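Protein chains in written order, with UniProt numbering: chain B, 11 to 30, 36 to 108, 129 to 175; chain C, 4 to 102, 114 to 174; chain F, 2 to 187; chain P, 1 to 154; chain V, 2 to 96.
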Amino acid sequence: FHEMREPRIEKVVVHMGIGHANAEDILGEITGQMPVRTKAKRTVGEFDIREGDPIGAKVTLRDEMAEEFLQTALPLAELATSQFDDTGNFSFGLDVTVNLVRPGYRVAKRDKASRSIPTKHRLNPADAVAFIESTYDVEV
Amino acid sequence: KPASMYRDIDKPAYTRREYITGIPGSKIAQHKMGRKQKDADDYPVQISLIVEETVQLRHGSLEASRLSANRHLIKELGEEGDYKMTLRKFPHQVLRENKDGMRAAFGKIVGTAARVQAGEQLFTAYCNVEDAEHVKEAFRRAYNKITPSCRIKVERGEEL
Amino acid sequence: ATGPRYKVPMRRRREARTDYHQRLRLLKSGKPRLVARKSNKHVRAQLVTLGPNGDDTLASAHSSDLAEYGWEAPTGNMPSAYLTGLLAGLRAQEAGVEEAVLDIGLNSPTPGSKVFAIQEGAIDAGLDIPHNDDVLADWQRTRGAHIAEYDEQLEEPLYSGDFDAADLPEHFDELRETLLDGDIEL
Amino acid sequence: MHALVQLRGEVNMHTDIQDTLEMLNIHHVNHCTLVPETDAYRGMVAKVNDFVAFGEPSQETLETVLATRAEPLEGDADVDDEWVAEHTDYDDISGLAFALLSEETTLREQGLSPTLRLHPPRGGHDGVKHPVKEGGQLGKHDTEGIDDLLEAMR
Amino acid sequence: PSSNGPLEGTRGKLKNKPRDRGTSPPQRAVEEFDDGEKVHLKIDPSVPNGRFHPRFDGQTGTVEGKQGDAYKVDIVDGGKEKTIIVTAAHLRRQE
RNA sequence: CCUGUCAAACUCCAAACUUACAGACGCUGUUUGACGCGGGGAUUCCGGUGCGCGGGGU
RNA sequence: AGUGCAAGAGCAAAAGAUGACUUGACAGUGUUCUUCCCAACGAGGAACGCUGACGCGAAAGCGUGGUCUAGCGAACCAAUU
RNA sequence: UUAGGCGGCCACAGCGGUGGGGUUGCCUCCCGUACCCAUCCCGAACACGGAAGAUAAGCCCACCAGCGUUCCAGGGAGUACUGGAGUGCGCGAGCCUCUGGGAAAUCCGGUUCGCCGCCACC
Ligand SMILES: [Cl-]
Ligand SMILES: [Cl-]
Ligand SMILES: [Mg+2]
Ligand SMILES: [Mg+2]
Ligand SMILES: [Mg+2]
Ligand SMILES: [Mg+2]
Ligand SMILES: [Mg+2]
Ligand SMILES: [Mg+2]
Ligand SMILES: [Mg+2]
Ligand SMILES: [Mg+2]
Ligand code: NA
Ligand code: NA
Ligand code: NA
Ligand code: NA
Ligand code: NA
Ligand SMILES: [Sr+2]
Ligand SMILES: [Sr+2]
Ligand SMILES: [Sr+2]
Ligand SMILES: [Sr+2]
Ligand SMILES: [Sr+2]
Ligand SMILES: [Sr+2]
Ligand SMILES: [Sr+2]
Ligand SMILES: [Sr+2]
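The structure is reproduced here in structure tokens:
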């Protein structure tokens, strides 16, 4: 019961929303794996006439690659209360977002007979803080 | 122009503003009169003005009658008396006029009117027992400025 | 849900189990579907045809009933998949079924996968099914040689329950041998 | 079983109405036919409703009328008990009349014209511009009311 | 009419009621009809192909063979006999 | 929440009614041959009125 | 929402978006409906087949241009294959 | 069907909620990347290999009607509208009687928290 309910890190997405690159090199070295470009939609007056074109990049970290990053990433930002998604996620920082969820998430990500996670099984801001706080730092 | 030109319902409903342009504004200044803050149920007497024939009443007549009716209520009950009258209909029907002979005769927009079936409530006033004979008089003046004959019916009141 | 105007998906689309767009293109052939479905532990293969109140399964085979012919191995792998297909394909021949079209449901058409293995089995059983040989896994991986070589990187036994230490793709050969035999109580 | 009597002429009446009448074997004003009460026949008289006079006649009245106005399928031959006896499945007019009312046979089945060609109503009818409920002579009638008509047109 | 195209004045008949919106069930698009069978003609708004002229909606023809997968249904427009090529998707059995 | 109005180019609804096919009854056709097919000859392509439903227009 | 453009209609594991590959916007010949309700009438149009040759896909299958309804032209003569 | 696969009808099946269920069984979540295959970056997904753990998700089972929907009774209503007829009424727009049909909103109480087909299976 309690084991199949205790949270885990789904993914850690580190991204840099520039606007026009040379920044791929830093993310690659700080995360470990290979990064990916980021395009945009809708023409903007801030010199964005080319729809599909590089603006930024991101990296989705999973498993160890994610934890080994968080250990040397969390000690760099003062986490707050408001800095938490109603779902149970948080973004701080070069942005760094941590997606958290319970053991049976695959049900909503798979192809065959997928189903959305019930609100009860959906993580909570409180349950989120606790789990994280219970791992090398303080809250609020 | 005479009401003879528009009083009868003899054309299709012409109200789709998305297809009609240049429609003249409504001369009807207000629809809520008296004390619009107090409720209708806070009054012992509720007298309505009922139209006895199905007709089309132009916004000019609507304003003219609503005016001469409420202008009386003001005179008799003061500018802030304990009454509250209501004009429930709104000029939805757009009117034309073929103002060339019968060639390309579809007319231009000249006004608006409110369609009212027989037996409908054009006006409904809410007053106290004492001021009941005043509203009846305001309505007597009002039915004089609209095409049909009317009935002044007391909907809530056995004080007589 | 929301109101009267609202549109609720067809039950099997709601459930995310049936791809109706692919189903129509499938049915257009006029032949029966060789429904190839797979689970975490097992593999199923049904020879389905169309019917007035719903589909009709004329023949079928489940990896579970594979042991009934001497299968002491797991049931969610390549040799298992192929064999289940061959079994199903054989029962199909008996029921009068001679041709079919592979229906892989919501599975992906990945080269060498289990559904193509299931397909190779049914075809081998004597069924005429539109296929493409270069999308099928090579004979050895079908046998289960990929797992024996995985067990070679031992140090720790691959199989928990004692089937054997080094594993036997020869067991596959034994079973296939058993099925192709004219006798066998289907 | 009802007795239909055309009381209004063909001129100006809708074609689909005039056709229905003709299907009910009635081609002239003052002509009568005996129609069974069935769903199909009910739809037919409903359509003819405003140009006809109908209702269930009494055994007695049906006999008076058959005696006086019934004709063979061909000829002037008087339809009397003797005639009825020699050509029909009955012994007399009453026998026939009972069968018609009980809807066991028809006028054709017994070699009789399906039409009773009646005489104008003696002393006149109640008018052809109003129904029975309004003092007219059109539409459904009382068993007593229909008899008064059929007898007056004997 | 203001124009004379095939879809002229066909707003109602070629539109689905909100709840019938979306892709139609494959079953009826595959239905097999036999020669001599009486079938009702009704265009399925959700199905683009294999339609007949909207003027023939409501007819009840007689299947008299097929051309490809589509059927050849006989009908009588007014007093004139016509043959209509139509796919099962827009056909229903009578009774 | 409460309170007051509408739609030829709106519709969650929805007739009467019109309409395809078939059965039944009716009527009709098999010496008055219907239904249908083939051929000869046209006239006709200024219409009008009543009622019902209209659209334009005082 | 989007789907080139009136308006109305169709579309969500798509008819939309992205990506990649591709040239079926192919040759030949028809059936049917439309044009022209009923009911004769050309060009034009569409749906649906067959033969040939191809593209894509694991395959069923999809592609006879653009989701559907507008974007069209006789004889004579010239040019062209 | 002590949890399965494929379906038909495509909300009576939706939305939301409550309770129950799994030793070598089932479905899962689950564990794991040598392979087939995979990510414009991630064994996340897809694909493959497999059981140490779990029934908390899903799923299956039982049940609740607050919202949406289906149907039924009574009320609204034989009202609104309407096919046929009238030397019936009205200056008239229009109305009425007879005949054959007949709503919608809404009120009230019930219903509905899917039904059915095929194959497999303590
Ligand atoms: Cl599957
Ligand atoms: Cl057609
Ligand atoms: Mg005679
Ligand atoms: Mg006299
Ligand atoms: Mg008289
Ligand atoms: Mg229309
Ligand atoms: Mg010339
Ligand atoms: Mg040239
Ligand atoms: Mg539970
Ligand atoms: Mg008069
Ligand atoms: Na790029
Ligand atoms: Na002029
Ligand atoms: Na549909
Ligand atoms: Na043509
Ligand atoms: Na569970
Ligand atoms: Sr008019
Ligand atoms: Sr007056
Ligand atoms: Sr009509
Ligand atoms: Sr197309
Ligand atoms: Sr994993
Ligand atoms: Sr007069
Ligand atoms: Sr006058
Ligand atoms: Sr009734």
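All C-beta atoms in this analysis are idealised placements derived from N, C-alpha and C, irrespective of residue type, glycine included.
Any beta carbon from chain B within less than 8 Å of F/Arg18's own beta carbon? Answer yes: the Cβ-Cβ gap between F/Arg18 and chain B drops below 8 Å somewhere.
At the level of alpha carbons, what is the spacing between F/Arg142 and F/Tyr151? Computed Cα separation, rounded: 12 Å.
Status (buried if at least 16 other CB within 10 Å, exposed otherwise) for B/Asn134: buried
Is there at least one Cβ from chain B nearer than 8 Å to F/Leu107's Cβ? yes
Give me the Cβ distance between P/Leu7 and P/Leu138, rounded to the nearest whole Å; I'm assuming they're in contact under 8 Å. 6 Å
Does the beta-carbon of B/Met49 have 16 or more other beta-carbons within 10 angstroms, so that it is buried, or is it exposed? exposed
Distance check for P/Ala40 and P/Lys133, CA to CA, integer angstroms please. 25 Å
What separation, rounded to the nearest whole angstrom, lies between the Cα atoms of F/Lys8 and V/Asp21? 8 Å
Where does B/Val136 sit, in a helix, a strand or coil, going by DSSP? strand
Taking a contact to mean a Cβ-Cβ separation below 8 Å, would you say residue 244 of chain F touches F/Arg92 in this structure? For residue 244 of chain F there is no data in the structure shown, the boundaries of chain F being 2 and 187.
Is the segment 7-26 of chain P close to the segment 88-102 of chain P, with three or more CB pairs under 8 Å? no
Where F/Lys115 sits in the DSSP three-state scheme: It is helical.
Do you know offhand how far B/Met14's Cα is from B/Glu20's? Going from the Cα of B/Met14 to the Cα of B/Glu20 covers about 15 Å.
Kindly indicate which three-state DSSP category residue 107 of chain C falls into: helix, strand or coil? Absent here is residue 107 of chain C, because the residues of chain C run from 102 on to 114 with nothing modelled in between.
Should B/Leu91 go down as buried or exposed, given a rule of 16 or more other Cβ atoms within 10 Å for buried? So B/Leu91 ends up on the exposed side.
Contact defined as beta carbons within less than 8 Å: I believe B/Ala148 pairs with F/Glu16. What is the distance between those atoms, to the nearest angstrom? 6 Å
Name the residue from V/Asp35, V/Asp36, V/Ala71, V/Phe57 whose alpha carbon lies nearest to the alpha carbon of V/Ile44. V/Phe57
8 Å Cβ cutoff met for F/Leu59 and F/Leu48: It is a contact, given that the beta carbons lie within the stated cut-off.
Cβ-Cβ separation, F/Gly122 to F/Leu84 (assumed contact under 8 Å), whole Å: 6 Å
Over the uninterrupted alpha helix (DSSP H) stretch that includes P/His87, give me the two end residues. 81-87
What does DSSP give as the partner residue(s) for F/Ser61 in the beta ladder? F/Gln47
So is V/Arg22 in contact with chain F if we call contact Cβ pairs under 8 Å? yes
Can the beta-carbon of B/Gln98 be found less than 8 Å from the beta-carbon of B/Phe107? At a Cβ-Cβ threshold of 8 Å, B/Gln98 and B/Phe107 count as neighbours.
Partners in chain V for F/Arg24, counting only beta-carbon separations shorter than 9 Å: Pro27
Tell me whether residue 1 of chain F counts as near ligand 1, meaning its Cβ is closer than 7 Å to at least one heavy atom of that ligand. Not covered by the structure: residue 1 of chain F. The range shown for chain F is 2 to 187.
Beta-carbon spacing of P/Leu150, P/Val45 below 8 Å: no
Would you please verify whether the beta carbon of B/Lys144 is less than 8 Å from any beta carbon of chain F? no
Of the listed residues V/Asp75, V/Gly79, V/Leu15, V/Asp70, nearest to V/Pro49 (C-alpha basis): V/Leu15
Which residues does DSSP pair with B/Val24 in a beta bridge? B/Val74, B/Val131.
Are there three or more Cβ pairs, one per stretch, closer than 8 Å when the segment 122-134 of chain F is compared with the segment 30-49 of chain F? Three or more beta-carbon pairs separated by less than 8 Å link the segment 122-134 of chain F to the segment 30-49 of chain F, which places the two stretches in contact.
Since F/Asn78 contacts F/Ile124 with CB under 8 Å, what's their CB separation in whole angstroms? Rounded, the Cβ-Cβ distance is 19 Å, inconsistent with contact.
If you follow the alpha helix (DSSP H) that P/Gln59 is part of, which residue opens it and which one closes it? 59-69
Output, in chain order, the set of chain F residues within a Cβ distance shorter than 9 Å of V/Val31. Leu25, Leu28, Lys29, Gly31, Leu51
Looking at the strands, I want to know which residues DSSP matches up with P/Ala152. DSSP lists no partner for P/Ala152.
Interface flag, F/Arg12 vs chain V, CB-CB below 8 Å: no
In the DSSP assignment, the alpha helix (DSSP H) including B/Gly43 goes from what residue to what residue? 39-46
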